[PDB]
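A.B. asks: Quick one: this structure, given as structure tokens, is what I'll be asking you about.
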Amino acid sequence: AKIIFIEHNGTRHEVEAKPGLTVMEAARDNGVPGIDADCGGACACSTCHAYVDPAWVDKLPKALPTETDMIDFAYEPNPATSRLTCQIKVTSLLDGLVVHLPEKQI
Ligand code: FES
């Protein structure tokens, strides 16, 4: 499944992620800039924050309270598109998924 990461300045990164991996790993394991992933996907740092593209938001599973609670600690979260990538699992049907990276991670 191809995952597309777009930095805030508009630089496009494309990665081929195997189903089962998380979006966070897809970016981390492939050297995509903008994702810190400090807690390693334990949904405790929120430094894997990103804005899912409006066109795909409805195709992802909805966020659980544990995740939503942690997004409020991310850098400039968006109630509509913000998500923690470590909480989104790649699946073949998400081939072509587009994610926009914030300017900073906290
Ligand atoms: S990488 Fe720590 S919250 Fe996702």
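Letters A, B, ... go to the chains of the structure tokens in the order shown; residues in each chain start at 1; ligands are counted from 1 in the same order.
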Counting only C-alpha atoms and all ligand atoms, what are the residues, protein, DNA or RNA alike, that approach ligand 1 to within 12 Å? I want them as number ranges by chain.
C.D. replies: A: 22-28, 34-50, 66-75, 83-89, 105-106
A.B. asks: Do you have the CA of residue 92 (chain A)-CA of residue 54 (chain A) distance handy?
C.D. replies: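 Computed distance, CA of residue 92 (chain A) to CA of residue 54 (chain A), equals 19.1 Å.
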A.B. asks: Skip residue 3 (chain A) itself and residues of its chain fewer than 5 positions away, then list as a PDB file with C-alpha atoms, in the first residue's frame all residues within 12 Å of it, counting only C-alpha atoms.
C.D. replies:
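What ended up in around_18.pdb:
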```
ATOM      1  CA  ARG A  12       6.083  15.003  -1.341  1.00  0.00           C
ATOM      2  CA  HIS A  13       7.298  11.701   0.053  1.00  0.00           C
ATOM      3  CA  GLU A  14       5.961   8.315  -1.054  1.00  0.00           C
ATOM      4  CA  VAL A  15       6.491   5.003   0.705  1.00  0.00           C
ATOM      5  CA  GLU A  16       5.360   1.408   0.041  1.00  0.00           C
ATOM      6  CA  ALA A  17       4.159   0.025   3.392  1.00  0.00           C
ATOM      7  CA  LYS A  18       3.309  -3.596   4.035  1.00  0.00           C
ATOM      8  CA  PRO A  19      -0.135  -4.125   5.602  1.00  0.00           C
ATOM      9  CA  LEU A  21       2.599  -1.808   9.886  1.00  0.00           C
ATOM     10  CA  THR A  22       1.391   1.515  11.314  1.00  0.00           C
ATOM     11  CA  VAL A  23       1.541   4.777   9.440  1.00  0.00           C
ATOM     12  CA  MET A  24       4.095   5.948  11.961  1.00  0.00           C
ATOM     13  CA  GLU A  25       6.408   3.044  11.122  1.00  0.00           C
ATOM     14  CA  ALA A  26       5.814   3.525   7.433  1.00  0.00           C
ATOM     15  CA  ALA A  27       7.327   7.015   7.826  1.00  0.00           C
ATOM     16  CA  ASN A  30      11.544   4.906   5.549  1.00  0.00           C
ATOM     17  CA  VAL A  32      10.250  10.411   6.171  1.00  0.00           C
ATOM     18  CA  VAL A  52      -5.005  13.039   7.231  1.00  0.00           C
ATOM     19  CA  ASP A  53      -6.193  14.451   3.883  1.00  0.00           C
ATOM     20  CA  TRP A  56      -9.314   9.997   3.271  1.00  0.00           C
ATOM     21  CA  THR A  85      -0.051   7.969  12.873  1.00  0.00           C
ATOM     22  CA  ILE A  88      -3.492   4.022  12.191  1.00  0.00           C
ATOM     23  CA  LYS A  89      -2.843   0.577  10.717  1.00  0.00           C
ATOM     24  CA  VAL A  90      -1.868   0.222   7.086  1.00  0.00           C
ATOM     25  CA  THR A  91      -4.189  -2.038   5.054  1.00  0.00           C
ATOM     26  CA  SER A  92      -4.198  -2.709   1.235  1.00  0.00           C
ATOM     27  CA  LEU A  93      -7.445  -0.671   0.944  1.00  0.00           C
ATOM     28  CA  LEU A  94      -5.566   2.358   2.224  1.00  0.00           C
ATOM     29  CA  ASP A  95      -3.229   2.184  -0.772  1.00  0.00           C
ATOM     30  CA  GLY A  96      -2.806   5.807  -1.826  1.00  0.00           C
ATOM     31  CA  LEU A  97      -3.487   7.287   1.638  1.00  0.00           C
ATOM     32  CA  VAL A  98      -2.413  10.909   1.949  1.00  0.00           C
ATOM     33  CA  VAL A  99      -1.063  12.456   5.130  1.00  0.00           C
ATOM     34  CA  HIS A 100       0.037  16.066   5.699  1.00  0.00           C
TER      35      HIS A 100
END
```
A.B. asks: So how far away is CA of residue 1 (chain A) from CA of residue 76 (chain A), in Å?
C.D. replies: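 Going from CA of residue 76 (chain A) over to CA of residue 1 (chain A) covers 28.0 Å.
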A.B. asks: Please report the interatomic distance between CA of residue 102 (chain A) and CA of residue 51 (chain A) in Å with one decimal.
C.D. replies: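 CA of residue 102 (chain A) sits 7.2 Å away from CA of residue 51 (chain A).
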A.B. asks: Select from chain A everything DSSP, run on the backbone, classes as strand (DSSP E or B), then give the selection as JSON, numbers by chain.
C.D. replies: {"A": [2, 3, 4, 5, 6, 12, 13, 14, 15, 16, 19, 21, 22, 49, 50, 51, 52, 82, 83, 84, 89, 97, 98, 99, 100]}
A.B. asks: Write to file, as a PDB file, in the first residue's frame, the residues of the selection just made, with N, CA and C atoms.
C.D. replies:
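Result file follows (out-v3.pdb):
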```pdb
ATOM      1  N   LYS A   2       0.638   2.176  -0.846  1.00  0.00           N
ATOM      2  CA  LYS A   2       1.471   3.355  -0.932  1.00  0.00           C
ATOM      3  C   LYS A   2       0.987   4.400   0.037  1.00  0.00           C
ATOM      4  N   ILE A   3       1.876   4.861   0.891  1.00  0.00           N
ATOM      5  CA  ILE A   3       1.470   5.915   1.814  1.00  0.00           C
ATOM      6  C   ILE A   3       2.210   7.175   1.362  1.00  0.00           C
ATOM      7  N   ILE A   4       1.470   8.270   1.232  1.00  0.00           N
ATOM      8  CA  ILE A   4       2.016   9.562   0.808  1.00  0.00           C
ATOM      9  C   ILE A   4       2.059  10.544   1.970  1.00  0.00           C
ATOM     10  N   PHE A   5       3.237  11.103   2.200  1.00  0.00           N
ATOM     11  CA  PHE A   5       3.455  12.059   3.267  1.00  0.00           C
ATOM     12  C   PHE A   5       3.859  13.362   2.652  1.00  0.00           C
ATOM     13  N   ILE A   6       3.138  14.424   2.991  1.00  0.00           N
ATOM     14  CA  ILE A   6       3.418  15.758   2.468  1.00  0.00           C
ATOM     15  C   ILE A   6       3.776  16.724   3.568  1.00  0.00           C
ATOM     16  N   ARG A  12       6.738  16.296  -1.252  1.00  0.00           N
ATOM     17  CA  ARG A  12       6.083  15.003  -1.341  1.00  0.00           C
ATOM     18  C   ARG A  12       6.976  13.796  -1.125  1.00  0.00           C
ATOM     19  N   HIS A  13       6.570  12.929  -0.209  1.00  0.00           N
ATOM     20  CA  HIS A  13       7.298  11.701   0.053  1.00  0.00           C
ATOM     21  C   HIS A  13       6.343  10.521  -0.170  1.00  0.00           C
ATOM     22  N   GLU A  14       6.819   9.475  -0.824  1.00  0.00           N
ATOM     23  CA  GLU A  14       5.961   8.315  -1.054  1.00  0.00           C
ATOM     24  C   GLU A  14       6.669   7.083  -0.523  1.00  0.00           C
ATOM     25  N   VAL A  15       5.921   6.219   0.148  1.00  0.00           N
ATOM     26  CA  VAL A  15       6.491   5.003   0.705  1.00  0.00           C
ATOM     27  C   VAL A  15       5.540   3.838   0.423  1.00  0.00           C
ATOM     28  N   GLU A  16       6.108   2.644   0.287  1.00  0.00           N
ATOM     29  CA  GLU A  16       5.360   1.408   0.041  1.00  0.00           C
ATOM     30  C   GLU A  16       5.367   0.668   1.371  1.00  0.00           C
ATOM     31  N   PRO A  19       0.969  -4.126   4.650  1.00  0.00           N
ATOM     32  CA  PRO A  19      -0.135  -4.125   5.602  1.00  0.00           C
ATOM     33  C   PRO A  19       0.308  -4.667   6.967  1.00  0.00           C
ATOM     34  N   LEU A  21       1.738  -2.824   9.311  1.00  0.00           N
ATOM     35  CA  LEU A  21       2.599  -1.808   9.886  1.00  0.00           C
ATOM     36  C   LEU A  21       1.675  -0.634  10.187  1.00  0.00           C
ATOM     37  N   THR A  22       2.153   0.293  11.009  1.00  0.00           N
ATOM     38  CA  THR A  22       1.391   1.515  11.314  1.00  0.00           C
ATOM     39  C   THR A  22       1.897   2.646  10.413  1.00  0.00           C
ATOM     40  N   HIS A  49       2.017  12.934  15.298  1.00  0.00           N
ATOM     41  CA  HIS A  49       0.867  13.691  14.809  1.00  0.00           C
ATOM     42  C   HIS A  49       0.963  14.075  13.330  1.00  0.00           C
ATOM     43  N   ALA A  50      -0.177  14.008  12.639  1.00  0.00           N
ATOM     44  CA  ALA A  50      -0.268  14.410  11.235  1.00  0.00           C
ATOM     45  C   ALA A  50      -1.725  14.683  10.847  1.00  0.00           C
ATOM     46  N   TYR A  51      -1.922  15.405   9.751  1.00  0.00           N
ATOM     47  CA  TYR A  51      -3.267  15.708   9.291  1.00  0.00           C
ATOM     48  C   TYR A  51      -3.614  14.833   8.109  1.00  0.00           C
ATOM     49  N   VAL A  52      -4.548  13.911   8.315  1.00  0.00           N
ATOM     50  CA  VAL A  52      -5.005  13.039   7.231  1.00  0.00           C
ATOM     51  C   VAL A  52      -5.716  13.945   6.200  1.00  0.00           C
ATOM     52  N   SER A  82      -6.727  15.825  12.316  1.00  0.00           N
ATOM     53  CA  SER A  82      -5.601  15.367  13.146  1.00  0.00           C
ATOM     54  C   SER A  82      -5.707  13.932  13.635  1.00  0.00           C
ATOM     55  N   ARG A  83      -4.599  13.209  13.553  1.00  0.00           N
ATOM     56  CA  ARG A  83      -4.537  11.835  14.032  1.00  0.00           C
ATOM     57  C   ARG A  83      -3.103  11.540  14.450  1.00  0.00           C
ATOM     58  N   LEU A  84      -2.924  10.516  15.274  1.00  0.00           N
ATOM     59  CA  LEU A  84      -1.599  10.071  15.650  1.00  0.00           C
ATOM     60  C   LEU A  84      -1.323   8.907  14.694  1.00  0.00           C
ATOM     61  N   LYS A  89      -3.468   1.752  11.336  1.00  0.00           N
ATOM     62  CA  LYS A  89      -2.843   0.577  10.717  1.00  0.00           C
ATOM     63  C   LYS A  89      -2.942   0.554   9.194  1.00  0.00           C
ATOM     64  N   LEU A  97      -3.145   6.398   0.518  1.00  0.00           N
ATOM     65  CA  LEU A  97      -3.487   7.287   1.638  1.00  0.00           C
ATOM     66  C   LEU A  97      -2.596   8.493   1.708  1.00  0.00           C
ATOM     67  N   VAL A  98      -3.181   9.676   1.893  1.00  0.00           N
ATOM     68  CA  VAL A  98      -2.413  10.909   1.949  1.00  0.00           C
ATOM     69  C   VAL A  98      -2.449  11.589   3.308  1.00  0.00           C
ATOM     70  N   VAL A  99      -1.257  11.820   3.838  1.00  0.00           N
ATOM     71  CA  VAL A  99      -1.063  12.456   5.130  1.00  0.00           C
ATOM     72  C   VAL A  99      -0.231  13.724   5.009  1.00  0.00           C
ATOM     73  N   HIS A 100      -0.650  14.770   5.698  1.00  0.00           N
ATOM     74  CA  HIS A 100       0.037  16.066   5.699  1.00  0.00           C
ATOM     75  C   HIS A 100       0.701  16.253   7.053  1.00  0.00           C
TER      76      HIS A 100
END
```
